[PDB]
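Enquirer: Structure file run20.pdb (PDB, C-alpha atoms) right here:
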ATOM      1  CA  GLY A   9     -18.221  11.903 -13.418
ATOM      2  CA  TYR A  10     -15.101  13.916 -12.857
ATOM      3  CA  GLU A  11     -12.994  17.015 -13.038
ATOM      4  CA  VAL A  12      -9.289  17.709 -13.341
ATOM      5  CA  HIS A  13      -8.180  21.310 -12.928
ATOM      6  CA  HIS A  14      -4.904  23.352 -13.036
ATOM      7  CA  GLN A  15      -1.856  21.184 -13.591
ATOM      8  CA  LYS A  16       1.819  21.296 -14.655
ATOM      9  CA  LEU A  17       3.776  18.175 -15.714
ATOM     10  CA  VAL A  18       7.198  17.643 -17.238
ATOM     11  CA  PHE A  19       7.934  13.957 -17.210
ATOM     12  CA  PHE A  20      10.650  12.055 -18.970
ATOM     13  CA  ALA A  21      10.842   8.376 -19.902
ATOM     14  CA  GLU A  22      14.354   7.683 -21.063
ATOM     15  CA  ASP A  23      14.551   3.954 -21.523
ATOM     16  CA  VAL A  24      11.532   1.724 -21.249
ATOM     17  CA  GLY A  25      11.795  -1.879 -22.296
ATOM     18  CA  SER A  26       8.531  -3.747 -22.380
ATOM     19  CA  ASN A  27       6.119  -1.716 -20.396
ATOM     20  CA  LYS A  28       3.002  -3.815 -20.447
ATOM     21  CA  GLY A  29       1.822  -2.164 -17.300
ATOM     22  CA  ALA A  30       1.832   1.590 -16.955
ATOM     23  CA  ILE A  31       4.057   4.530 -16.373
ATOM     24  CA  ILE A  32       1.926   7.503 -15.593
ATOM     25  CA  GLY A  33       2.556  10.934 -14.251
ATOM     26  CA  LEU A  34      -0.880  11.487 -12.916
ATOM     27  CA  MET A  35      -3.408   8.704 -13.218
ATOM     28  CA  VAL A  36      -6.832   9.692 -12.292
ATOM     29  CA  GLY A  37      -9.493   7.005 -12.254
ATOM     30  CA  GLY A  38      -8.021   5.033 -15.176
ATOM     31  CA  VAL A  39      -7.857   1.312 -15.703
ATOM     32  CA  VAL A  40      -4.577  -0.023 -17.152
TER
ATOM     33  CA  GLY B   9     -17.187  10.936  -8.847
ATOM     34  CA  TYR B  10     -14.050  12.926  -8.295
ATOM     35  CA  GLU B  11     -11.920  16.008  -8.485
ATOM     36  CA  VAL B  12      -8.210  16.673  -8.796
ATOM     37  CA  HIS B  13      -7.073  20.266  -8.391
ATOM     38  CA  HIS B  14      -3.781  22.282  -8.507
ATOM     39  CA  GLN B  15      -0.751  20.091  -9.065
ATOM     40  CA  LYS B  16       2.923  20.173 -10.136
ATOM     41  CA  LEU B  17       4.853  17.035 -11.194
ATOM     42  CA  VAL B  18       8.270  16.475 -12.724
ATOM     43  CA  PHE B  19       8.978  12.783 -12.692
ATOM     44  CA  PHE B  20      11.674  10.857 -14.455
ATOM     45  CA  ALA B  21      11.838   7.176 -15.381
ATOM     46  CA  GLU B  22      15.341   6.455 -16.548
ATOM     47  CA  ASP B  23      15.508   2.724 -17.002
ATOM     48  CA  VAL B  24      12.474   0.518 -16.719
ATOM     49  CA  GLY B  25      12.706  -3.090 -17.761
ATOM     50  CA  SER B  26       9.429  -4.932 -17.837
ATOM     51  CA  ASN B  27       7.035  -2.880 -15.851
ATOM     52  CA  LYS B  28       3.903  -4.955 -15.893
ATOM     53  CA  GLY B  29       2.741  -3.291 -12.747
ATOM     54  CA  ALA B  30       2.780   0.464 -12.407
ATOM     55  CA  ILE B  31       5.029   3.388 -11.835
ATOM     56  CA  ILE B  32       2.922   6.378 -11.053
ATOM     57  CA  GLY B  33       3.581   9.807  -9.719
ATOM     58  CA  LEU B  34       0.151  10.387  -8.377
ATOM     59  CA  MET B  35      -2.398   7.623  -8.671
ATOM     60  CA  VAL B  36      -5.813   8.639  -7.741
ATOM     61  CA  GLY B  37      -8.493   5.972  -7.692
ATOM     62  CA  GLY B  38      -7.043   3.985 -10.615
ATOM     63  CA  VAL B  39      -6.908   0.262 -11.136
ATOM     64  CA  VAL B  40      -3.641  -1.101 -12.589
TER
ATOM     65  CA  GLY C   9     -16.151   9.967  -4.277
ATOM     66  CA  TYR C  10     -12.998  11.933  -3.734
ATOM     67  CA  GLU C  11     -10.845  14.999  -3.933
ATOM     68  CA  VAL C  12      -7.130  15.635  -4.251
ATOM     69  CA  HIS C  13      -5.965  19.221  -3.853
ATOM     70  CA  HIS C  14      -2.658  21.211  -3.979
ATOM     71  CA  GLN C  15       0.354  18.995  -4.540
ATOM     72  CA  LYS C  16       4.027  19.047  -5.618
ATOM     73  CA  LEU C  17       5.931  15.894  -6.674
ATOM     74  CA  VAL C  18       9.340  15.305  -8.210
ATOM     75  CA  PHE C  19      10.020  11.609  -8.174
ATOM     76  CA  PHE C  20      12.699   9.659  -9.939
ATOM     77  CA  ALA C  21      12.831   5.976 -10.860
ATOM     78  CA  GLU C  22      16.327   5.225 -12.033
ATOM     79  CA  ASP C  23      16.464   1.492 -12.482
ATOM     80  CA  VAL C  24      13.414  -0.690 -12.189
ATOM     81  CA  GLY C  25      13.617  -4.300 -13.226
ATOM     82  CA  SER C  26      10.325  -6.118 -13.294
ATOM     83  CA  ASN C  27       7.952  -4.044 -11.306
ATOM     84  CA  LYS C  28       4.803  -6.095 -11.339
ATOM     85  CA  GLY C  29       3.660  -4.418  -8.193
ATOM     86  CA  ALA C  30       3.728  -0.662  -7.859
ATOM     87  CA  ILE C  31       6.001   2.246  -7.295
ATOM     88  CA  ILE C  32       3.919   5.253  -6.514
ATOM     89  CA  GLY C  33       4.606   8.678  -5.187
ATOM     90  CA  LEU C  34       1.184   9.287  -3.839
ATOM     91  CA  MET C  35      -1.387   6.541  -4.123
ATOM     92  CA  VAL C  36      -4.793   7.585  -3.189
ATOM     93  CA  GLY C  37      -7.493   4.939  -3.131
ATOM     94  CA  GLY C  38      -6.064   2.936  -6.053
ATOM     95  CA  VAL C  39      -5.959  -0.789  -6.570
ATOM     96  CA  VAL C  40      -2.705  -2.178  -8.027
TER
ATOM     97  CA  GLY D   9     -15.113   8.997   0.292
ATOM     98  CA  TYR D  10     -11.945  10.940   0.827
ATOM     99  CA  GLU D  11      -9.768  13.989   0.619
ATOM    100  CA  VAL D  12      -6.049  14.595   0.293
ATOM    101  CA  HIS D  13      -4.856  18.173   0.683
ATOM    102  CA  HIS D  14      -1.534  20.138   0.548
ATOM    103  CA  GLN D  15       1.460  17.898  -0.015
ATOM    104  CA  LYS D  16       5.131  17.921  -1.100
ATOM    105  CA  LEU D  17       7.009  14.751  -2.156
ATOM    106  CA  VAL D  18      10.410  14.134  -3.698
ATOM    107  CA  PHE D  19      11.061  10.432  -3.656
ATOM    108  CA  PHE D  20      13.722   8.460  -5.423
ATOM    109  CA  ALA D  21      13.824   4.774  -6.339
ATOM    110  CA  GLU D  22      17.312   3.996  -7.518
ATOM    111  CA  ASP D  23      17.421   0.261  -7.961
ATOM    112  CA  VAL D  24      14.354  -1.898  -7.660
ATOM    113  CA  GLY D  25      14.527  -5.511  -8.692
ATOM    114  CA  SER D  26      11.221  -7.303  -8.750
ATOM    115  CA  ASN D  27       8.867  -5.208  -6.761
ATOM    116  CA  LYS D  28       5.704  -7.236  -6.786
ATOM    117  CA  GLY D  29       4.579  -5.544  -3.640
ATOM    118  CA  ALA D  30       4.676  -1.790  -3.311
ATOM    119  CA  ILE D  31       6.972   1.102  -2.756
ATOM    120  CA  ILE D  32       4.915   4.125  -1.976
ATOM    121  CA  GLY D  33       5.631   7.547  -0.654
ATOM    122  CA  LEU D  34       2.216   8.184   0.699
ATOM    123  CA  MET D  35      -0.376   5.459   0.423
ATOM    124  CA  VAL D  36      -3.772   6.529   1.363
ATOM    125  CA  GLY D  37      -6.494   3.905   1.429
ATOM    126  CA  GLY D  38      -5.084   1.886  -1.493
ATOM    127  CA  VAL D  39      -5.008  -1.840  -2.003
ATOM    128  CA  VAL D  40      -1.768  -3.257  -3.465
TER
ATOM    129  CA  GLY E   9     -14.075   8.026   4.860
ATOM    130  CA  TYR E  10     -10.891   9.945   5.387
ATOM    131  CA  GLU E  11      -8.691  12.978   5.170
ATOM    132  CA  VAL E  12      -4.968  13.555   4.836
ATOM    133  CA  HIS E  13      -3.748  17.124   5.219
ATOM    134  CA  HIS E  14      -0.410  19.063   5.075
ATOM    135  CA  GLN E  15       2.566  16.799   4.510
ATOM    136  CA  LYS E  16       6.235  16.792   3.417
ATOM    137  CA  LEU E  17       8.085  13.606   2.362
ATOM    138  CA  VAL E  18      11.478  12.961   0.816
ATOM    139  CA  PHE E  19      12.102   9.254   0.861
ATOM    140  CA  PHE E  20      14.745   7.260  -0.908
ATOM    141  CA  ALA E  21      14.817   3.572  -1.819
ATOM    142  CA  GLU E  22      18.297   2.764  -3.003
ATOM    143  CA  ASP E  23      18.375  -0.972  -3.440
ATOM    144  CA  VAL E  24      15.293  -3.105  -3.130
ATOM    145  CA  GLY E  25      15.436  -6.722  -4.157
ATOM    146  CA  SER E  26      12.116  -8.489  -4.207
ATOM    147  CA  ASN E  27       9.783  -6.373  -2.216
ATOM    148  CA  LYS E  28       6.604  -8.377  -2.232
ATOM    149  CA  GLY E  29       5.498  -6.672   0.914
ATOM    150  CA  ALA E  30       5.625  -2.918   1.236
ATOM    151  CA  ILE E  31       7.944  -0.043   1.783
ATOM    152  CA  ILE E  32       5.911   2.998   2.563
ATOM    153  CA  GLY E  33       6.656   6.416   3.878
ATOM    154  CA  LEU E  34       3.248   7.081   5.236
ATOM    155  CA  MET E  35       0.635   4.375   4.970
ATOM    156  CA  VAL E  36      -2.750   5.473   5.914
ATOM    157  CA  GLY E  37      -5.492   2.869   5.989
ATOM    158  CA  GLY E  38      -4.104   0.836   3.068
ATOM    159  CA  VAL E  39      -4.057  -2.891   2.563
ATOM    160  CA  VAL E  40      -0.831  -4.335   1.097
TER
ATOM    161  CA  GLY F   9      20.180 -23.802 -27.168
ATOM    162  CA  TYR F  10      17.289 -26.104 -26.504
ATOM    163  CA  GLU F  11      14.980 -28.954 -27.296
ATOM    164  CA  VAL F  12      11.359 -29.743 -26.543
ATOM    165  CA  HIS F  13      10.145 -33.224 -27.426
ATOM    166  CA  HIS F  14       6.869 -35.264 -27.268
ATOM    167  CA  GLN F  15       4.031 -33.340 -25.673
ATOM    168  CA  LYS F  16       0.222 -33.267 -25.295
ATOM    169  CA  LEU F  17      -1.689 -30.179 -24.072
ATOM    170  CA  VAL F  18      -5.365 -29.304 -23.873
ATOM    171  CA  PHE F  19      -5.706 -26.101 -21.936
ATOM    172  CA  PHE F  20      -8.683 -23.844 -21.567
ATOM    173  CA  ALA F  21      -8.856 -20.170 -20.614
ATOM    174  CA  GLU F  22     -12.472 -19.323 -20.013
ATOM    175  CA  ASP F  23     -12.478 -15.817 -18.649
ATOM    176  CA  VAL F  24      -9.368 -13.706 -18.495
ATOM    177  CA  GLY F  25      -9.653 -10.053 -17.646
ATOM    178  CA  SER F  26      -6.473  -8.082 -18.034
ATOM    179  CA  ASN F  27      -3.712 -10.580 -18.170
ATOM    180  CA  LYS F  28      -0.637  -8.430 -18.375
ATOM    181  CA  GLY F  29       1.422 -11.216 -16.949
ATOM    182  CA  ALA F  30       1.193 -14.709 -18.346
ATOM    183  CA  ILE F  31      -0.943 -17.772 -18.399
ATOM    184  CA  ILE F  32       1.048 -20.589 -19.845
ATOM    185  CA  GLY F  33       0.622 -24.296 -20.059
ATOM    186  CA  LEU F  34       4.242 -25.102 -20.427
ATOM    187  CA  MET F  35       6.743 -22.281 -20.323
ATOM    188  CA  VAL F  36      10.169 -23.290 -21.219
ATOM    189  CA  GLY F  37      12.905 -20.697 -20.925
ATOM    190  CA  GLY F  38      10.684 -17.751 -21.919
ATOM    191  CA  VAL F  39      10.684 -14.219 -20.625
ATOM    192  CA  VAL F  40       7.240 -12.653 -20.054
TER
ATOM    193  CA  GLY G   9      20.914 -25.083 -22.616
ATOM    194  CA  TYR G  10      18.006 -27.362 -21.943
ATOM    195  CA  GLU G  11      15.675 -30.195 -22.727
ATOM    196  CA  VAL G  12      12.049 -30.956 -21.966
ATOM    197  CA  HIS G  13      10.806 -34.428 -22.842
ATOM    198  CA  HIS G  14       7.516 -36.443 -22.675
ATOM    199  CA  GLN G  15       4.696 -34.495 -21.078
ATOM    200  CA  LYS G  16       0.888 -34.392 -20.691
ATOM    201  CA  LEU G  17      -0.997 -31.287 -19.470
ATOM    202  CA  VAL G  18      -4.666 -30.385 -19.266
ATOM    203  CA  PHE G  19      -4.979 -27.176 -17.332
ATOM    204  CA  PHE G  20      -7.937 -24.895 -16.962
ATOM    205  CA  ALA G  21      -8.081 -21.219 -16.014
ATOM    206  CA  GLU G  22     -11.690 -20.344 -15.407
ATOM    207  CA  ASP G  23     -11.666 -16.835 -14.048
ATOM    208  CA  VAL G  24      -8.539 -14.748 -13.902
ATOM    209  CA  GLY G  25      -8.795 -11.092 -13.058
ATOM    210  CA  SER G  26      -5.601  -9.146 -13.456
ATOM    211  CA  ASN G  27      -2.858 -11.665 -13.593
ATOM    212  CA  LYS G  28       0.233  -9.538 -13.807
ATOM    213  CA  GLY G  29       2.273 -12.338 -12.381
ATOM    214  CA  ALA G  30       2.014 -15.833 -13.773
ATOM    215  CA  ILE G  31      -0.145 -18.879 -13.817
ATOM    216  CA  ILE G  32       1.821 -21.712 -15.262
ATOM    217  CA  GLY G  33       1.365 -25.416 -15.470
ATOM    218  CA  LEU G  34       4.980 -26.251 -15.843
ATOM    219  CA  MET G  35       7.502 -23.449 -15.748
ATOM    220  CA  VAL G  36      10.919 -24.486 -16.650
ATOM    221  CA  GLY G  37      13.676 -21.913 -16.365
ATOM    222  CA  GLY G  38      11.475 -18.952 -17.358
ATOM    223  CA  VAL G  39      11.505 -15.418 -16.070
ATOM    224  CA  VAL G  40       8.073 -13.824 -15.495
TER
ATOM    225  CA  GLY H   9      21.647 -26.363 -18.064
ATOM    226  CA  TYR H  10      18.724 -28.619 -17.383
ATOM    227  CA  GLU H  11      16.369 -31.435 -18.157
ATOM    228  CA  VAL H  12      12.738 -32.167 -17.388
ATOM    229  CA  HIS H  13      11.468 -35.631 -18.256
ATOM    230  CA  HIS H  14       8.162 -37.620 -18.081
ATOM    231  CA  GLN H  15       5.360 -35.648 -16.480
ATOM    232  CA  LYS H  16       1.554 -35.515 -16.088
ATOM    233  CA  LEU H  17      -0.304 -32.394 -14.868
ATOM    234  CA  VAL H  18      -3.967 -31.464 -14.658
ATOM    235  CA  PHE H  19      -4.251 -28.250 -12.729
ATOM    236  CA  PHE H  20      -7.191 -25.946 -12.356
ATOM    237  CA  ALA H  21      -7.305 -22.267 -11.413
ATOM    238  CA  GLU H  22     -10.906 -21.364 -10.801
ATOM    239  CA  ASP H  23     -10.852 -17.853  -9.447
ATOM    240  CA  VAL H  24      -7.709 -15.790  -9.311
ATOM    241  CA  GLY H  25      -7.935 -12.131  -8.472
ATOM    242  CA  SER H  26      -4.727 -10.209  -8.877
ATOM    243  CA  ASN H  27      -2.005 -12.750  -9.016
ATOM    244  CA  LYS H  28       1.102 -10.648  -9.240
ATOM    245  CA  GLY H  29       3.123 -13.460  -7.813
ATOM    246  CA  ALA H  30       2.836 -16.955  -9.199
ATOM    247  CA  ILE H  31       0.653 -19.984  -9.234
ATOM    248  CA  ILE H  32       2.594 -22.835 -10.679
ATOM    249  CA  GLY H  33       2.110 -26.536 -10.881
ATOM    250  CA  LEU H  34       5.717 -27.399 -11.260
ATOM    251  CA  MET H  35       8.262 -24.616 -11.174
ATOM    252  CA  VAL H  36      11.668 -25.681 -12.079
ATOM    253  CA  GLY H  37      14.445 -23.128 -11.804
ATOM    254  CA  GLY H  38      12.265 -20.152 -12.797
ATOM    255  CA  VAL H  39      12.325 -16.616 -11.515
ATOM    256  CA  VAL H  40       8.906 -14.996 -10.936
TER
ATOM    257  CA  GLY I   9      22.379 -27.643 -13.512
ATOM    258  CA  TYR I  10      19.439 -29.874 -12.822
ATOM    259  CA  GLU I  11      17.062 -32.673 -13.588
ATOM    260  CA  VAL I  12      13.428 -33.376 -12.810
ATOM    261  CA  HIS I  13      12.129 -36.832 -13.671
ATOM    262  CA  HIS I  14       8.808 -38.795 -13.486
ATOM    263  CA  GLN I  15       6.024 -36.800 -11.883
ATOM    264  CA  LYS I  16       2.220 -36.638 -11.484
ATOM    265  CA  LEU I  17       0.388 -33.499 -10.265
ATOM    266  CA  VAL I  18      -3.267 -32.541 -10.049
ATOM    267  CA  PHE I  19      -3.523 -29.323  -8.125
ATOM    268  CA  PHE I  20      -6.445 -26.995  -7.748
ATOM    269  CA  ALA I  21      -6.529 -23.314  -6.812
ATOM    270  CA  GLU I  22     -10.121 -22.382  -6.195
ATOM    271  CA  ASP I  23     -10.038 -18.871  -4.846
ATOM    272  CA  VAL I  24      -6.879 -16.831  -4.719
ATOM    273  CA  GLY I  25      -7.075 -13.169  -3.885
ATOM    274  CA  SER I  26      -3.853 -11.273  -4.300
ATOM    275  CA  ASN I  27      -1.151 -13.834  -4.440
ATOM    276  CA  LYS I  28       1.972 -11.757  -4.672
ATOM    277  CA  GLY I  29       3.973 -14.582  -3.245
ATOM    278  CA  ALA I  30       3.657 -18.077  -4.625
ATOM    279  CA  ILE I  31       1.451 -21.089  -4.652
ATOM    280  CA  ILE I  32       3.367 -23.958  -6.096
ATOM    281  CA  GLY I  33       2.855 -27.654  -6.292
ATOM    282  CA  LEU I  34       6.454 -28.545  -6.676
ATOM    283  CA  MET I  35       9.020 -25.781  -6.599
ATOM    284  CA  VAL I  36      12.417 -26.874  -7.509
ATOM    285  CA  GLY I  37      15.213 -24.343  -7.243
ATOM    286  CA  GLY I  38      13.055 -21.351  -8.236
ATOM    287  CA  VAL I  39      13.143 -17.814  -6.959
ATOM    288  CA  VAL I  40       9.739 -16.166  -6.376
TER
ATOM    289  CA  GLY J   9      23.109 -28.920  -8.959
ATOM    290  CA  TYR J  10      20.154 -31.128  -8.260
ATOM    291  CA  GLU J  11      17.753 -33.910  -9.017
ATOM    292  CA  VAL J  12      14.116 -34.584  -8.232
ATOM    293  CA  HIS J  13      12.789 -38.030  -9.085
ATOM    294  CA  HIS J  14       9.453 -39.968  -8.891
ATOM    295  CA  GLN J  15       6.688 -37.950  -7.286
ATOM    296  CA  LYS J  16       2.886 -37.757  -6.880
ATOM    297  CA  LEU J  17       1.081 -34.604  -5.661
ATOM    298  CA  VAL J  18      -2.567 -33.617  -5.440
ATOM    299  CA  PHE J  19      -2.794 -30.394  -3.521
ATOM    300  CA  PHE J  20      -5.697 -28.044  -3.142
ATOM    301  CA  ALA J  21      -5.751 -24.361  -2.211
ATOM    302  CA  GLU J  22      -9.335 -23.400  -1.589
ATOM    303  CA  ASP J  23      -9.223 -19.888  -0.245
ATOM    304  CA  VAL J  24      -6.048 -17.872  -0.127
ATOM    305  CA  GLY J  25      -6.215 -14.207   0.702
ATOM    306  CA  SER J  26      -2.979 -12.337   0.278
ATOM    307  CA  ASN J  27      -0.297 -14.919   0.137
ATOM    308  CA  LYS J  28       2.841 -12.866  -0.104
ATOM    309  CA  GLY J  29       4.824 -15.704   1.323
ATOM    310  CA  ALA J  30       4.478 -19.198  -0.050
ATOM    311  CA  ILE J  31       2.249 -22.194  -0.070
ATOM    312  CA  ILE J  32       4.140 -25.079  -1.513
ATOM    313  CA  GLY J  33       3.599 -28.772  -1.701
ATOM    314  CA  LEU J  34       7.192 -29.691  -2.092
ATOM    315  CA  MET J  35       9.779 -26.947  -2.024
ATOM    316  CA  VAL J  36      13.164 -28.066  -2.939
ATOM    317  CA  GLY J  37      15.982 -25.556  -2.681
ATOM    318  CA  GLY J  38      13.844 -22.550  -3.676
ATOM    319  CA  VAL J  39      13.962 -19.012  -2.404
ATOM    320  CA  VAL J  40      10.571 -17.337  -1.817
TER
END
Would you mind writing the structure in this file as structure tokens?
Expert:
Amino acid sequence: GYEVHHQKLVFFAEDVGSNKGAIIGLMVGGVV
Amino acid sequence: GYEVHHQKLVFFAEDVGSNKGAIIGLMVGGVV
Amino acid sequence: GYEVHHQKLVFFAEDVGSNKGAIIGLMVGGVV
Amino acid sequence: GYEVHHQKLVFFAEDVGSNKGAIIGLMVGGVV
Amino acid sequence: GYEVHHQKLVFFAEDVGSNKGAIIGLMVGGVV
Amino acid sequence: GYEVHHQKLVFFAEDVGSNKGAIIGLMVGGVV
Amino acid sequence: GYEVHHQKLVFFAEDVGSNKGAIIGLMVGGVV
Amino acid sequence: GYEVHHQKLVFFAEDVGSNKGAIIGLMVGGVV
Amino acid sequence: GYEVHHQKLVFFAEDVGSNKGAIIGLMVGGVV
Amino acid sequence: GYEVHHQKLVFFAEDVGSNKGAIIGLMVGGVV
């Protein structure tokens, strides 16, 4: 199991073509 | 299991073509 | 298991073609 | 298991062609 | 297992062609 | 422009996890 | 422009994990 | 421009982990 | 420009870990 | 420009770890 606590994020993605993979600010234990 | 605590992130992705891999600010234990 | 604590990140990715690999600020125990 | 504590990172990737490998600020125990 | 403590990093990657290997600021116990 | 003429193909894909890239018998001028 | 003429292909892919790159029998002028 | 003529291919890929690069029978002028 | 003519190929890839580079039977003018 | 004519190839790759470079039967004018 897991926990994610206090966080601040402001990301921008301005021009993404064919993302088939991943663009992540914070990726915690994911799969993609 | 896991824990992620206090964090601040401001990333920008301005022009990404065919990301099939990954662009990550903070990747913690993920797969991709 | 794992823990990630206090962090500050401001990364920029301005022009990424075909990332099939990975561009990561902080990669902690991931796979890619 | 593992721990990552207080950190500050500001990286920039301005022009990346075909990264199939990895560009990482701090890589801690990852695979790539 | 492992620990990474207080760190500051500001790297820049301005023009990377076909990195299939790795460009890392701090690589701690990774694989690549 | 282009032309593809007489062809015979019998491919099998038995167990594909997370193909995010491509598995192609014959790839002629594509993108992926 | 281009032409591909008489061809026979029988490929098998039995166990592919995370192909993010490419597995191709015949790749003619593609990108990937 | 280009031409590919009479060809026979029977390749097998039995166990491919994380191909992020390429496994190709015949690669003619591609990118990867 | 280019031409590839009469060819026969039967390759096998039985266990490939993290090919990020390339495994090619016949590579003609490609990039990788 | 270039030409490749009559050829026969039967290669096997039985256990490849982290090829980041290249394993090629016949490499004609490629890059890698």
Enquirer: For this file, the PyMOL selection byres ((chain F and resi 32-34) around 9) selects which residues, as a PDB file with C-alpha atoms, in the coordinates of the input?
Expert:
ATOM      1  CA  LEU F  17      -1.689 -30.179 -24.072  1.00  0.00           C
ATOM      2  CA  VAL F  18      -5.365 -29.304 -23.873  1.00  0.00           C
ATOM      3  CA  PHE F  19      -5.706 -26.101 -21.936  1.00  0.00           C
ATOM      4  CA  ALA F  30       1.193 -14.709 -18.346  1.00  0.00           C
ATOM      5  CA  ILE F  31      -0.943 -17.772 -18.399  1.00  0.00           C
ATOM      6  CA  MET F  35       6.743 -22.281 -20.323  1.00  0.00           C
ATOM      7  CA  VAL F  36      10.169 -23.290 -21.219  1.00  0.00           C
TER       8      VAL F  36
ATOM      9  CA  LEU G  17      -0.997 -31.287 -19.470  1.00  0.00           C
ATOM     10  CA  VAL G  18      -4.666 -30.385 -19.266  1.00  0.00           C
ATOM     11  CA  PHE G  19      -4.979 -27.176 -17.332  1.00  0.00           C
ATOM     12  CA  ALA G  30       2.014 -15.833 -13.773  1.00  0.00           C
ATOM     13  CA  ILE G  31      -0.145 -18.879 -13.817  1.00  0.00           C
ATOM     14  CA  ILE G  32       1.821 -21.712 -15.262  1.00  0.00           C
ATOM     15  CA  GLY G  33       1.365 -25.416 -15.470  1.00  0.00           C
ATOM     16  CA  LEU G  34       4.980 -26.251 -15.843  1.00  0.00           C
ATOM     17  CA  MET G  35       7.502 -23.449 -15.748  1.00  0.00           C
ATOM     18  CA  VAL G  36      10.919 -24.486 -16.650  1.00  0.00           C
TER      19      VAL G  36
END
Enquirer: Quick one: residues within 8 Å of residue 39 (chain C), all atoms listed in the file, excluding same-chain residues fewer than 3 positions away - as a VMD selection string?
Expert: (chain B and resid 37 to 40) or (chain D and resid 38 to 40)
Enquirer: Since I can't run it myself right now, could you work out what the ChimeraX specification (/F :<12) & /C selects here and report it as a list in words?
Expert: residues 26, 27, 28 and 29 of chain C
Enquirer: Expanded to explicit residues, what is the PyMOL selection byres ((chain H and resi 23) around 9) for this file, as an mmCIF file with C-alpha atoms, keeping the file's coordinate frame?
Expert:
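File produced: out-v7.cif:
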data_model
loop_
_atom_site.group_PDB
_atom_site.id
_atom_site.type_symbol
_atom_site.label_atom_id
_atom_site.label_comp_id
_atom_site.auth_asym_id
_atom_site.auth_seq_id
_atom_site.Cartn_x
_atom_site.Cartn_y
_atom_site.Cartn_z
ATOM 1 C CA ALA G 21 -8.081 -21.219 -16.014
ATOM 2 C CA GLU G 22 -11.690 -20.344 -15.407
ATOM 3 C CA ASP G 23 -11.666 -16.835 -14.048
ATOM 4 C CA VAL G 24 -8.539 -14.748 -13.902
ATOM 5 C CA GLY G 25 -8.795 -11.092 -13.058
ATOM 6 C CA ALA H 21 -7.305 -22.267 -11.413
ATOM 7 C CA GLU H 22 -10.906 -21.364 -10.801
ATOM 8 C CA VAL H 24 -7.709 -15.790 -9.311
ATOM 9 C CA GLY H 25 -7.935 -12.131 -8.472
ATOM 10 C CA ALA I 21 -6.529 -23.314 -6.812
ATOM 11 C CA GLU I 22 -10.121 -22.382 -6.195
ATOM 12 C CA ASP I 23 -10.038 -18.871 -4.846
ATOM 13 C CA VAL I 24 -6.879 -16.831 -4.719
ATOM 14 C CA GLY I 25 -7.075 -13.169 -3.885
#
Enquirer: Please compute the CA of residue 11 (chain F)-CA of residue 15 (chain G) distance, one decimal, in Å.
Expert: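 Rounded to one decimal, the two atoms are 13.2 Å apart.
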Enquirer: Tell me, in Å to one decimal, how far CA of residue 16 (chain A) is from CA of residue 13 (chain C).
Expert: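 For CA of residue 16 (chain A) relative to CA of residue 13 (chain C), the distance reads 13.5 Å.
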Enquirer: What is the CA of residue 9 (chain D) to CA of residue 9 (chain B) distance in Å?
Expert: 9.6 Å
Enquirer: Please enclose the listed atoms of region 14-29 of chain I in an axis-aligned box, pad each side by 5 Å, and write out the centre and the three edge lengths in Å, rounded to one decimal, as lines of an AutoDock Vina configuration file.
Expert:
center_x = -0.7
center_y = -25.0
center_z = -8.4
size_x = 28.9
size_y = 37.5
size_z = 20.2
Enquirer: Can you complete the atoms of region 20-29 of chain E to N, CA and C atoms and list them as a PDB file, in the frame of the given file?
Expert:
ATOM      1  N   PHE E  20      13.894   7.928   0.056  1.00  0.00           N
ATOM      2  CA  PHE E  20      14.745   7.260  -0.908  1.00  0.00           C
ATOM      3  C   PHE E  20      14.746   5.761  -0.724  1.00  0.00           C
ATOM      4  N   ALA E  21      14.669   5.024  -1.816  1.00  0.00           N
ATOM      5  CA  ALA E  21      14.817   3.572  -1.819  1.00  0.00           C
ATOM      6  C   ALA E  21      15.974   3.255  -2.740  1.00  0.00           C
ATOM      7  N   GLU E  22      17.107   2.878  -2.180  1.00  0.00           N
ATOM      8  CA  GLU E  22      18.297   2.764  -3.003  1.00  0.00           C
ATOM      9  C   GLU E  22      18.544   1.407  -3.602  1.00  0.00           C
ATOM     10  N   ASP E  23      18.137   0.361  -2.924  1.00  0.00           N
ATOM     11  CA  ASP E  23      18.375  -0.972  -3.440  1.00  0.00           C
ATOM     12  C   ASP E  23      17.392  -1.949  -2.854  1.00  0.00           C
ATOM     13  N   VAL E  24      16.355  -2.249  -3.604  1.00  0.00           N
ATOM     14  CA  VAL E  24      15.293  -3.105  -3.130  1.00  0.00           C
ATOM     15  C   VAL E  24      15.224  -4.329  -4.008  1.00  0.00           C
ATOM     16  N   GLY E  25      15.385  -5.487  -3.417  1.00  0.00           N
ATOM     17  CA  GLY E  25      15.436  -6.722  -4.157  1.00  0.00           C
ATOM     18  C   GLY E  25      14.095  -7.175  -4.670  1.00  0.00           C
ATOM     19  N   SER E  26      13.367  -7.869  -3.831  1.00  0.00           N
ATOM     20  CA  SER E  26      12.116  -8.489  -4.207  1.00  0.00           C
ATOM     21  C   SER E  26      10.985  -8.080  -3.327  1.00  0.00           C
ATOM     22  N   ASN E  27      10.848  -6.806  -3.076  1.00  0.00           N
ATOM     23  CA  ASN E  27       9.783  -6.373  -2.216  1.00  0.00           C
ATOM     24  C   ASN E  27       8.492  -6.932  -2.732  1.00  0.00           C
ATOM     25  N   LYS E  28       7.836  -7.725  -1.900  1.00  0.00           N
ATOM     26  CA  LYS E  28       6.604  -8.377  -2.232  1.00  0.00           C
ATOM     27  C   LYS E  28       5.627  -7.922  -1.201  1.00  0.00           C
ATOM     28  N   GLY E  29       6.196  -7.289  -0.207  1.00  0.00           N
ATOM     29  CA  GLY E  29       5.498  -6.672   0.914  1.00  0.00           C
ATOM     30  C   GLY E  29       5.462  -5.184   0.613  1.00  0.00           C
TER      31      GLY E  29
END
